[PDB]
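Pasting query_36.tsv here (TSV, C-alpha atoms and all ligand atoms):
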```
chain	number	residue	atom	x	y	z
A	8	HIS	CA	13.97	-6.76	12.55
A	9	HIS	CA	17.15	-4.76	11.60
A	10	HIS	CA	15.93	-3.33	8.18
A	11	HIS	CA	15.53	0.32	9.46
A	12	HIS	CA	18.92	1.44	7.88
A	13	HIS	CA	17.41	0.81	4.33
A	14	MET	CA	14.80	3.53	5.08
A	15	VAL	CA	13.71	5.47	1.94
A	16	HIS	CA	11.69	8.74	1.81
A	17	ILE	CA	8.48	7.88	-0.08
A	18	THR	CA	6.16	10.55	-1.57
A	19	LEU	CA	2.80	10.00	-3.27
A	20	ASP	CA	2.31	10.55	-7.03
A	21	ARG	CA	-0.85	12.76	-7.45
A	22	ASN	CA	-1.12	11.76	-11.14
A	23	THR	CA	-1.77	8.06	-10.26
A	24	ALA	CA	-4.39	8.81	-7.58
A	25	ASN	CA	-8.07	7.95	-7.93
A	26	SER	CA	-9.93	11.23	-8.54
A	27	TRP	CA	-11.60	11.16	-5.05
A	28	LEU	CA	-8.29	11.09	-3.12
A	29	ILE	CA	-6.87	14.11	-1.26
A	30	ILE	CA	-3.06	14.11	-0.94
A	31	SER	CA	-1.42	16.51	1.53
A	32	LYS	CA	0.90	19.36	0.37
A	33	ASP	CA	3.99	17.37	1.58
A	34	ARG	CA	2.79	14.32	-0.52
A	35	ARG	CA	3.12	12.15	2.65
A	36	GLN	CA	-0.61	11.66	3.55
A	37	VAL	CA	-3.68	10.55	1.60
A	38	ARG	CA	-7.37	10.19	2.48
A	39	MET	CA	-10.70	9.49	0.74
A	40	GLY	CA	-12.67	12.66	-0.07
A	41	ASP	CA	-16.50	12.74	0.07
A	42	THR	CA	-16.68	13.76	-3.65
A	43	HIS	CA	-14.67	13.99	-6.94
A	44	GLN	CA	-11.61	16.23	-6.23
A	45	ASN	CA	-11.94	18.29	-9.48
A	46	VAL	CA	-8.87	16.83	-11.30
A	47	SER	CA	-8.66	15.87	-15.01
A	48	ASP	CA	-8.74	12.15	-15.95
A	49	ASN	CA	-5.55	10.46	-17.25
A	50	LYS	CA	-4.43	6.92	-18.15
A	51	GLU	CA	-2.37	6.56	-14.88
A	52	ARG	CA	-5.33	7.04	-12.41
A	53	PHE	CA	-6.78	4.00	-10.66
A	54	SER	CA	-10.46	4.33	-11.73
A	55	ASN	CA	-12.39	1.73	-9.66
A	56	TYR	CA	-10.70	1.83	-6.21
A	57	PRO	CA	-9.21	4.47	-3.81
A	58	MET	CA	-5.61	3.63	-4.85
A	59	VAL	CA	-2.43	5.68	-5.41
A	60	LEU	CA	1.26	4.90	-6.08
A	61	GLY	CA	4.48	6.28	-4.62
A	62	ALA	CA	6.54	8.41	-7.02
A	63	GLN	CA	9.69	6.34	-6.36
A	64	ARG	CA	10.61	3.41	-8.71
A	65	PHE	CA	12.87	0.59	-7.49
A	66	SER	CA	14.74	-1.87	-9.79
A	67	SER	CA	17.56	-3.03	-7.37
A	68	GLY	CA	18.61	-2.91	-3.71
A	69	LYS	CA	16.93	-3.06	-0.34
A	70	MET	CA	14.23	-0.51	0.61
A	71	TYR	CA	12.21	0.02	3.84
A	72	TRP	CA	9.38	2.42	4.73
A	73	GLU	CA	6.58	2.74	7.33
A	74	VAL	CA	2.88	3.60	7.01
A	75	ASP	CA	0.49	4.80	9.75
A	76	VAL	CA	-2.98	3.08	9.59
A	77	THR	CA	-4.36	4.41	12.94
A	78	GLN	CA	-8.19	4.07	13.33
A	79	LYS	CA	-8.80	2.68	9.80
A	80	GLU	CA	-11.27	-0.16	9.17
A	81	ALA	CA	-9.97	-1.10	5.68
A	82	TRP	CA	-6.79	-0.54	3.59
A	83	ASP	CA	-4.32	-2.33	1.30
A	84	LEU	CA	-0.50	-1.75	1.47
A	85	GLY	CA	2.58	-3.08	-0.30
A	86	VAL	CA	4.33	-2.74	-3.69
A	87	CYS	CA	3.36	-3.31	-7.27
A	88	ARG	CA	4.83	-3.38	-10.76
A	89	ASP	CA	4.91	-0.03	-12.54
A	90	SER	CA	2.82	-1.65	-15.35
A	91	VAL	CA	-0.19	-2.86	-13.26
A	92	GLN	CA	-3.67	-2.36	-14.75
A	93	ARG	CA	-5.23	1.01	-13.68
A	94	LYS	CA	-8.78	0.76	-15.19
A	95	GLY	CA	-11.66	-1.56	-14.32
A	96	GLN	CA	-11.90	-4.44	-11.85
A	97	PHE	CA	-8.96	-6.63	-10.80
A	98	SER	CA	-7.73	-8.70	-7.80
A	99	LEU	CA	-4.57	-7.93	-5.83
A	100	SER	CA	-2.29	-10.92	-6.55
A	101	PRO	CA	1.32	-11.56	-7.58
A	102	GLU	CA	-0.03	-12.84	-10.95
A	103	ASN	CA	-1.48	-9.29	-11.51
A	104	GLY	CA	1.76	-7.59	-10.29
A	105	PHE	CA	0.89	-6.84	-6.60
A	106	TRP	CA	2.60	-7.88	-3.30
A	107	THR	CA	0.21	-6.60	-0.63
A	108	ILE	CA	-1.54	-7.20	2.72
A	109	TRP	CA	-4.85	-5.73	3.84
A	110	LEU	CA	-7.33	-5.17	6.63
A	111	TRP	CA	-10.99	-5.92	5.82
A	112	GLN	CA	-13.95	-6.68	8.18
A	113	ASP	CA	-11.80	-7.08	11.31
A	114	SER	CA	-9.37	-9.62	9.66
A	115	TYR	CA	-5.89	-9.22	8.11
A	116	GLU	CA	-4.98	-11.16	4.93
A	117	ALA	CA	-2.06	-11.40	2.49
A	118	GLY	CA	-2.88	-10.79	-1.20
A	119	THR	CA	-1.97	-14.25	-2.50
A	120	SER	CA	-4.37	-16.09	-4.87
A	121	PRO	CA	-6.33	-17.26	-3.06
A	122	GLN	CA	-5.74	-14.88	-0.06
A	123	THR	CA	-3.92	-16.07	3.09
A	124	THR	CA	-5.13	-15.50	6.67
A	125	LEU	CA	-2.67	-13.46	8.82
A	126	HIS	CA	-2.25	-14.06	12.60
A	127	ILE	CA	-2.01	-10.67	14.36
A	128	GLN	CA	-2.54	-10.53	18.17
A	129	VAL	CA	-1.79	-6.73	18.44
A	130	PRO	CA	-3.73	-4.71	15.78
A	131	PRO	CA	-1.05	-2.56	14.11
A	132	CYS	CA	-1.16	1.26	14.10
A	133	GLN	CA	2.01	1.39	11.87
A	134	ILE	CA	3.18	-1.17	9.23
A	135	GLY	CA	6.82	-1.57	8.06
A	136	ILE	CA	7.41	-2.72	4.44
A	137	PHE	CA	10.76	-4.20	3.36
A	138	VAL	CA	11.67	-5.01	-0.27
A	139	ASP	CA	14.81	-6.93	-1.29
A	140	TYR	CA	14.77	-6.67	-5.09
A	141	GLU	CA	17.64	-9.10	-5.79
A	142	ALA	CA	16.37	-11.74	-3.33
A	143	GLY	CA	12.72	-11.48	-4.58
A	144	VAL	CA	11.33	-10.75	-1.04
A	145	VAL	CA	8.58	-8.43	0.27
A	146	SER	CA	8.10	-8.50	4.08
A	147	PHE	CA	5.64	-6.74	6.40
A	148	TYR	CA	6.28	-5.85	10.06
A	149	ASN	CA	4.01	-4.83	12.99
A	150	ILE	CA	5.71	-1.64	14.35
A	151	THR	CA	3.13	-1.46	17.25
A	152	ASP	CA	4.28	-4.99	18.38
A	153	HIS	CA	8.09	-4.30	18.51
A	154	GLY	CA	8.53	-5.03	14.77
A	155	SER	CA	7.11	-8.61	14.78
A	156	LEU	CA	6.83	-10.29	11.34
A	157	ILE	CA	3.37	-10.21	9.73
A	158	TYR	CA	4.09	-11.86	6.33
A	159	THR	CA	6.89	-12.66	3.83
A	160	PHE	CA	6.36	-13.08	0.08
A	161	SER	CA	9.39	-14.99	-1.20
A	162	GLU	CA	10.31	-16.26	-4.69
A	163	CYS	CA	8.74	-13.02	-5.99
A	164	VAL	CA	8.88	-12.54	-9.77
A	165	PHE	CA	8.76	-8.68	-9.89
A	166	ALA	CA	9.25	-8.63	-13.73
A	167	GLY	CA	9.68	-4.82	-13.79
A	168	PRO	CA	10.31	-1.68	-11.74
A	169	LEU	CA	8.39	-1.60	-8.41
A	170	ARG	CA	6.36	1.25	-6.92
A	171	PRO	CA	5.01	1.69	-3.37
A	172	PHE	CA	1.25	0.84	-3.43
A	173	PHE	CA	-1.58	2.25	-1.24
A	174	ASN	CA	-5.38	1.78	-0.98
A	175	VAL	CA	-7.14	4.01	1.64
A	176	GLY	CA	-10.32	1.89	1.25
A	177	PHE	CA	-13.92	2.97	0.79
A	178	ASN	CA	-15.83	4.78	3.52
A	179	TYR	CA	-19.36	3.34	3.14
A	180	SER	CA	-19.47	2.87	6.98
A	181	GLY	CA	-18.46	6.43	8.05
A	182	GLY	CA	-15.74	4.73	10.18
A	183	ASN	CA	-12.91	4.64	7.57
A	184	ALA	CA	-12.23	8.35	6.82
A	185	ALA	CA	-8.78	8.43	8.51
A	186	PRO	CA	-5.71	8.89	6.24
A	187	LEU	CA	-2.74	6.66	5.42
A	188	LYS	CA	0.42	8.58	6.46
A	189	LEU	CA	4.06	7.93	5.54
A	190	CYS	CA	5.90	7.99	8.91
A	191	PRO	CA	9.13	9.97	9.35
A	192	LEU	CA	12.57	8.25	9.30
B	1	LIG	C1	-16.09	2.60	-8.92
B	1	LIG	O1	-15.23	3.23	-7.97
B	1	LIG	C2	-15.41	4.64	-7.83
B	1	LIG	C3	-16.49	4.77	-6.76
B	1	LIG	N1	-16.81	6.19	-6.61
B	1	LIG	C4	-18.05	6.42	-5.84
B	1	LIG	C5	-18.04	5.96	-4.42
B	1	LIG	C6	-17.62	6.61	-3.32
B	1	LIG	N2	-18.13	6.16	-2.12
B	1	LIG	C7	-18.57	4.94	-2.31
B	1	LIG	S1	-18.69	4.44	-3.94
B	1	LIG	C8	-15.64	6.88	-6.07
B	1	LIG	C9	-14.48	6.81	-7.04
B	1	LIG	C10	-14.13	5.38	-7.43
B	1	LIG	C11	-13.37	4.68	-6.30
```
Please, can you express the file's structure as structure tokens?
Amino acid sequence: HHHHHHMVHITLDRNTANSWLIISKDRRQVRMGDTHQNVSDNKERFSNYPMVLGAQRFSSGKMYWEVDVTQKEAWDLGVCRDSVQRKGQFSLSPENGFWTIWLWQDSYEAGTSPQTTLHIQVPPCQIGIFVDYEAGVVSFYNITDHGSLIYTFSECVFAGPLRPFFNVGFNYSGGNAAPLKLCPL
């Protein structure tokens, strides 16, 4: 792909984070802690899952960023509406305001309803995410495999400002402690 020139500098919004997440000083890395991280509750925090939003809001234009997923067993990545539900249980779907892919139990899937199987021959260590607001497109790229396409959501109905979306996943196994990291431009 040739989307690299739309690169944006994403930082994580501490206030949106689940209370078990640990965000680095530079706001560019996040991981699951082994306990509550001693923060106050607020209406922005994702309560049920290890999720956090980027601070940036997008309502026009073309945007690109990259995320490092090295040695993780489970994660979700993409974008979401600013107004997504924060509390309780919900599915990641465009109907609920999410445009995402994930790794779970050694398979990759797109967050459609119902979910779509992805075909990835080279397990990615870094994921590229491209958003074209005007066109209604969210695309995912395998940076480890020379930028090959993973998935395109088209005919997206964003219906609001978009925020970068992250889920570090649970660590029930002891094999999923590694962070998500925003990769440098
Ligand atoms: C209902 O979700 C809660 C779960 N709790 C406890 C758990 C942590 N390790 C496995 S369950 C963490 C904060 C939030 C994600």
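Neighbours of segment 147-159 of chain A closer than or equal to 8 Å, with all atoms listed in the file counted and sequence neighbours fewer than 3 positions away skipped, come out as residues 8, 117, 125, 126, 127, 129, 130, 131, 132, 133, 134, 135, 136, 137 and 144 of chain A.
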Write the residues you've just listed into a file as a compact mmCIF listing (two decimals), in the coordinates of the input, and include C-alpha atoms for each of them.
```
# COMPACT_ATOMS: atom_id res chain seq x y z
CA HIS A 8 13.97 -6.76 12.55
CA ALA A 117 -2.06 -11.40 2.49
CA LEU A 125 -2.67 -13.46 8.82
CA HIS A 126 -2.25 -14.06 12.60
CA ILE A 127 -2.01 -10.67 14.36
CA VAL A 129 -1.79 -6.73 18.44
CA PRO A 130 -3.73 -4.71 15.78
CA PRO A 131 -1.05 -2.56 14.11
CA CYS A 132 -1.16 1.26 14.10
CA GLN A 133 2.01 1.39 11.87
CA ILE A 134 3.18 -1.17 9.23
CA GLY A 135 6.82 -1.57 8.06
CA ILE A 136 7.41 -2.72 4.44
CA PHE A 137 10.76 -4.20 3.36
CA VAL A 144 11.33 -10.75 -1.04
```
For this session: Please give me, as a VMD selection string, the residues lying within 9 Å of ligand LIG 1 (chain B) when counting only C-alpha atoms and all ligand atoms.
Result: chain A and resid 25 to 28 39 to 43 53 to 58 95 to 96 176 to 179
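The closest residue to residue 146 of chain A, picked from A:29, A:46, A:86, A:110 and counting only C-alpha atoms, is A:86.
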For this session: Would you mind reading off the distance between atom CA of residue 88 of chain A and atom CA of residue 122 of chain A, one decimal, in Å?
Result: 18.9 Å
Problem set entry | Interatomic distance (Å, one decimal) between atom CA of residue 16 of chain A and atom CA of residue 35 of chain A |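 Taking atom CA of residue 16 of chain A and atom CA of residue 35 of chain A, their separation equals 9.3 Å.
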Exercise. Between A:47, A:64, A:168, A:99, which has the minimum distance to residue 18 of chain A (counting all atoms listed in the file)?
Worked result: A:64
